[PDB]
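Worksheet for the structure shown next.
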Amino acid sequence: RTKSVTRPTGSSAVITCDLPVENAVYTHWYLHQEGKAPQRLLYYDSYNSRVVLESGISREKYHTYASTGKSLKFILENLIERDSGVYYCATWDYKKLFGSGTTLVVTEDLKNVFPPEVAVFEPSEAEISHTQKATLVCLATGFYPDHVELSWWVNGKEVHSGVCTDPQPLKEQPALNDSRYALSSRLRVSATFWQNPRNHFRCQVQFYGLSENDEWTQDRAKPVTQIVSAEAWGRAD
Amino acid sequence: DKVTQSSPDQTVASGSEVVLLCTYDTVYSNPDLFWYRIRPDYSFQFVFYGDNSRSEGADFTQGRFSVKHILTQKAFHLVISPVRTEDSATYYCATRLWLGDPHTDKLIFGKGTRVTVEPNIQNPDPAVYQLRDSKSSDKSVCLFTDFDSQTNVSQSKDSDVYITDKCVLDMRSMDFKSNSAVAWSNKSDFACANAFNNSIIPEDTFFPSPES
Amino acid sequence: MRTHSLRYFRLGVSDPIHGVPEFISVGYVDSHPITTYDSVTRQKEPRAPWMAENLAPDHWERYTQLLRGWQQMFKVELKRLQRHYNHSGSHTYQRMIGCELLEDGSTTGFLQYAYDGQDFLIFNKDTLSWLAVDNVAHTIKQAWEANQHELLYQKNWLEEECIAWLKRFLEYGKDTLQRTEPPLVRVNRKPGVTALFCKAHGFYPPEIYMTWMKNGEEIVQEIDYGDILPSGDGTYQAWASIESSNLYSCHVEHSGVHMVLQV
Amino acid sequence: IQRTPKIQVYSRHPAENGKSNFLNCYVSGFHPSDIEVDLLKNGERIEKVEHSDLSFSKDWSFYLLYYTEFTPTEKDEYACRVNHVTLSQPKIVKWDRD
Ligand SMILES: *[C@@H](C)/C=N/c1c(NC[C@H](O)[C@H](O)[C@H](O)CO)[nH]c(=O)[nH]c1=O
């Protein structure tokens, strides 16, 4: 439910509010970062039609789209790596109702961005013989921006039961300042269900990269926002 | 006004009681205090609200959440008596600053206390299988699973092999949850038997033979 | 803790005297005037120095517009009531809305409409209903209960926003509202058999306990009582009498302190 | 149904003769909110009267305070004169020095 955006340093970013109601009289905007407490960045007053900011932020940093009838948008300028985080809209109905929010990552250099490779590993026969349960492993490797979203689809349907995804990626080169990432996920089902050859399993990684607005000048492909995938079918042995 | 969460990050069991410590200093005589949480899916949800004289909780608490608000010590603690694995999250406490109009008010949060609810494996079956790779990739995958939460995963001995950490897999259909950890490498001398040699392994860990 | 209250009152009169305006609306925090709007000024104005100090200028304009709208609604409602009741001449319509934070921890919320000084409709926020007192009142009861979104909004304001308004008001007026001034207690002698007077003076919180005890035992009533009236300085006063060759002692409780004089 | 107001005349401080103080008249509990209130010095109206604004009660009633600064002398008589619609004639209540 949370949108995601990756941007270069010094460029602008747009974030749309995901709230039950589109247009509220006062709409607040908060930032959350991993190490520190969330803080209110600003809020928008519809009556005065202006943003009320905090004393620690420049006035030429953020602004609003505020499309009528639609959810409001917040635009950020001259992005720096310390602007990476997650941004939540907020409103006062019962308590401070936070929106779904949007995750944002920004990079100084656009040269070191890569999309991930997705591989699917089939369950071991030993685990089927021992526990009567089958575990399928998805490995995604070689993505520098840790802004991926992994999911599993059986018979083309998103599954939330029996799925585990690692919460922190790991670096191939721990001694590198700018190192690439790898992530793993597991889906466990009854061995009878896996042994059915009709059942189709797919691991899908939504990778958040660049847009068509951005330009690319490399010999390589363009790491645009995309969906990488891998799949397998049941084996009855 | 300042809000501090002195409690460090804690790992509890699926049946313990969890206490989260939050202390506030404000000029207000009857401040509005709040407990919120951020889930791993980054969902920002309201848990509890407490003033000096009353409290109101979220619908999802179902009596499992309560608040210890003691005025003399200026303390606003959060207690989860039946703590489940579904509540593993980073919890924050906040206060409301009156700034003109009620809908213009700001919330000031604490740095955050993180709660990890490990599961209770009734019948541990620690096993290290070798999942055969799809011909799309050459890497070999070793899976360590069905171990108890007390066993702690240690990182790889060398950078040649990559080992993730503990993860919780819940089968809702069978109501059974297990623990899992993956380890992969492309080295020619890579074996699942020697994969987790850097971690404290249970003496009764299954080591299936490759010739199965 | 102390018992605080926020209230808002609206009053309208048909064919008023030339001096009397048609519509008036004023707010009270713990019986202290806070705001004022009337049909003559047509502008909302403060009645406390600390009010305008903390509020933004947009607030007064916005609530002035909303008060003009509320004025029109009040006029049409009073005209409808007189039409239904077949009442000519001059009559009155009143509305009260607010909340209270009690010392025992409980909180309330009320919204009542009255006609000619008698209660007409009372909003029950927990049942989200409108208890009426007449068939004429029952008609508008059904009409208003048809709209449920408005009832949800009223309950939300009475339960979650009136309290915040009151708390920020008490923090703005902390000097005037959260202050406490101790009372001055005196004994007077003078009545064929003259009584003994216990008198309290110059206390801001108007909540007091006044009792008499004989040698450690409280009197079995027999204590006459007088009204507690406010002095012109912003404080209050009260008195109590009871009555021989018998010893008595006055006892007074105020703002959490218990005082004994031991005559 | 209408109710008559309640008249209460007193002093801000314990009235000592020949000492400047304030005389208060407190009129509360009247449904018709059109009244005329005056202070009487030796049977004659006082003109330097001061008063707070009209207020509301939770029982659909009103209360008001009319106060002035004076110096009490035993020769002088102080009274409160009030006219209401429920009263056929304006009633006068005198002040007791007790
Ligand atoms: C300025 C704050 C004056 N307000 C005012 C109000 N205000 C808010 C109240 O919630 C409102 O009456 C109800 O929501 C209406 O249903 N009320 C009032 O009666 N008089 C005032 O002057």
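For chain A, what is the relative contact order in percent, using Cα pairs closer than 8 Å and at least 6 residues apart in sequence?
The value is 18 percent.
Per residue, what volume in Å³ does the Cα convex hull of the stretch B:25-82 take up?
Taking only Cα atoms, the stretch B:25-82 has a hull volume of 101 Å³ per residue.
Stretch A:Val224-A:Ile75 to full length: gain in nm at 0.36 nm per residue minus the Cα-Cα span?
Answer, rounded to one decimal: 51.6 nm.
Would you kindly calculate the mean projected area, averaged across all directions, of the convex hull enclosing the Cα atoms of the stretch C:84-206, in square nanometres?
Averaged projected hull area, Cα only: 14.2 nm².
With the convex hull built on the Cα atoms of the stretch B:120-206, state its orientation-averaged projected area in nm².
Directional mean of the projected Cα hull area for the stretch B:120-206 stands at 6.4 nm².
Using only the alpha-carbon atoms of chain B, report the extent along each of the three principal axes, biggest first, to the nearest angstrom.
72, 32, 30
Nearest 0.05, what FRET efficiency do C:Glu53 and D:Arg45 give at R0 = 45 Å with Cβ-Cβ as r?
After rounding, the FRET efficiency stands at 0.70.
How far apart, in nanometres, would the label points at A:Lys36 and B:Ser188 be if each is projected 7 angstrom from Cα along the Cα-to-Cβ direction?
Simple spin-label model gives 5.1 nm for this pair.
Normalising by the residue count of the stretch A:1-108, find the relative contact order in percent from Cα pairs under 8 Å and 6+ residues apart.
Once divided by the residue count of the stretch A:1-108, the mean separation gives 41 percent.
For chain C, count the residues as N, evaluate 2.2 N^0.38 Å, and divide the Cα radius of gyration by that value, please.
Relative to the rule-of-thumb radius for its length, chain C sits at 1.27.
Relative to the compact globular guide of 2.2 N^0.38 Å, what is the alpha carbon radius of gyration of chain A, as a ratio?
Relative to the rule-of-thumb radius for its length, chain A sits at 1.22.
In Å, the Kirkwood hydrodynamic radius of chain D over pairs of distinct alpha carbons?
Computed over chain D, the radius equals 14.0 Å.
Along the Cα→Cβ direction, 7 angstrom out, place labels at D:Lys19 and B:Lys135. What is the inter-label distance in nm?
Taking the simple label geometry, D:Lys19 and B:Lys135 are separated by 11.3 nm.
List the residues whose amide H sits under 5 Å from the amide H of D:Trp95, counting only those 5 or more places along or on another chain, with H placed 1.01 Å from N in the peptide plane.
Distant-sequence amide H within range of D:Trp95: D:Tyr78.
Taking the alpha-carbon centroid of each part, what is the distance from the stretch A:151-182 to the stretch A:93-124 in angstrom?
10 Å
Tally the DSSP beta bridges in the protein assembly as shown and give the antiparallel ones as a percent, rounded to 5.
So the antiparallel bridges in the protein assembly as shown amount to around 95 percent.
Got a sec? Which residues in the stretch C:118-138 would a label at B:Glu56 touch, if it sits 7 Å along Cα→Cβ and we count backbone N under 20 Å?
The answer is C:123-130.
Using Cβ counts within 10 Å as a stand-in for footprinting exposure, how do C:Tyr115, B:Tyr28 rank, fewest first?
Exposure proxy ranking, most exposed first: B:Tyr28, C:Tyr115.
Using a Gaussian network for chain B with springs between C-alpha atoms less than 10 Å apart, which of these wobbles most: B:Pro202, B:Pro102, B:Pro40?
Looking only at B:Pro202, B:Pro102, B:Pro40, the biggest GNM fluctuation is shown by B:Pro102.
Hey, what do the phi angles of the stretch B:50-59 turn into as Karplus ³J(HN,Hα) couplings, whole Hz, using 6.51/-1.76/1.60 and θ = phi - 60°, x for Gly and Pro?
With the stated coefficients, the stretch B:50-59 comes to x, 9, 5, 10, 7, 8, 9, x, 5, 6 Hz.
With springs only between Cα atoms under 10 Å, which of A:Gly69, A:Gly156, A:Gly35 fluctuates most in a Gaussian network model of chain A?
For chain A, modelled as a Gaussian network with Cα springs under 10 Å, the answer is A:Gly35.
Hey, what's the Kirkwood Rh for the stretch B:1-54 if you take every pair of different alpha carbons, in angstrom?
Averaging 1/r across every pair of different Cα atoms and inverting gives 13.4 Å.
Which one, B:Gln45, B:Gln62, B:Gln130, has the greatest fluctuation when you compute a Gaussian network model over chain B with C-alpha springs under 10 angstrom?
Of B:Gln45, B:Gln62, B:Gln130, the most mobile in the Gaussian network model is B:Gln62.
Taking every alpha carbon pair in the protein assembly as shown, what does the distance histogram look like in 10 angstrom bins from 0, in percent?
With a bin width of 10 Å, the distribution comes to 2, 10, 16, 17, 15, 12, 9, 7, 6, 4, 1, 0, 0.
Just tell me the longest site-free run in chain D, where the sites are GluC sites (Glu not before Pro) in a DSSP loop having at most 12 other beta-carbon atoms within 10 Å.
D:17-46
Do the alpha carbons of any pairs in A:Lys95/B:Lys74; A:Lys171/B:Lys2; A:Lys61/C:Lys167; A:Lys222/B:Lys157; A:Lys36/A:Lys222 sit beyond 25 Å of each other, and which pairs?
In this structure, A:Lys171/B:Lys2; A:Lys61/C:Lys167; A:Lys222/B:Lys157; A:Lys36/A:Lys222 lie more than 25 Å apart at Cα.
What average count of beta carbons from other chains do you get within 10 Å of the Cβ of residues in B:37-50?
Partner-chain Cβ atoms within 10 Å, mean over residues of B:37-50: 4.
Suppose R0 equals 51 Å; then what is the FRET efficiency for D:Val85 and A:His63 from their Cβ-Cβ distance, rounded to the nearest 0.05?
E between D:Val85 and A:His63, to the nearest 0.05, is 0.25.
In whole Å, how far is the Cα centre of the stretch A:193-213 from that of the stretch C:48-97?
Using only Cα atoms, the two centres lie 62 Å from each other.
So for A:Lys96, D:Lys41, A:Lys157, B:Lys74, fewest C-beta neighbours within 10 Å to most, what's the order?
A:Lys157, B:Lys74, D:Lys41, A:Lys96
With viscosity set to 1.567 mPa s and temperature to 4 °C, compute the Stokes-Einstein D of the stretch A:1-108, Rh being the Kirkwood radius across alpha carbon pairs; µm²/s, no decimals.
92 µm²/s
Quick one: D:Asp38, B:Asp32, fewest Cβ neighbours within 10 Å first, how do they rank?
Listing D:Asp38, B:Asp32 from fewest to most nearby Cβ atoms yields D:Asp38, B:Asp32.
Less than 17 Å from a label point 7 Å out along the Cα-to-Cβ axis of B:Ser212: which backbone N atoms in the stretch B:113-148 qualify, by residue?
B:125-134, B:140-147
Kirkwood Rh over alpha-carbon pairs of the stretch C:137-262, then Stokes-Einstein at 10 °C and 1.306 mPa s: what D in µm² s⁻¹, rounded to an integer?
Answer from the Stokes-Einstein relation: 86 µm²/s.
Remind me, relative contact order of chain B in percent, using alpha carbon pairs under 8 angstrom and six or more residues apart?
Worked out over chain B, it gives 18 percent.
Give the distance, in whole Å, between the Cα centre of the stretch C:1-41 and the Cα centre of the stretch A:1-39.
Answer, in whole Å: 43.
How large is ³J(HN,Hα) for each residue in the stretch C:32-44, as worked out from phi by the Karplus curve 6.51 cos²θ - 1.76 cosθ + 1.60 (θ = phi - 60°), to whole Hz, x for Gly and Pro?
Here the 3J(HN,Hα) series is 9, x, 10, 9, 8, 9, 8, 5, 7, 5, 6, 9, 6 Hz.
Compute from the Cα atoms of the stretch C:211-263 the Rg and the Dmax, the latter being the longest Cα-Cα distance, and quote both in angstrom.
Using the Cα atoms of the stretch C:211-263, the pair Rg, Dmax is 12.9, 39 Å.
Rounded to the nearest 0.05, what FRET efficiency is calculated for B:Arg64 and A:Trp153 with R0 set to 41 Å and r the Cβ-Cβ distance?
0.80
Which whole number of Å³ per residue matches the convex hull of the alpha-carbon atoms in the stretch B:1-119?
107 Å³
Reconstructed Cβ throughout: ideal geometry from the backbone, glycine too, with neighbour counts over all protein chains shown. Here, each number is a calculation from the coordinates, and none is a lab measurement.
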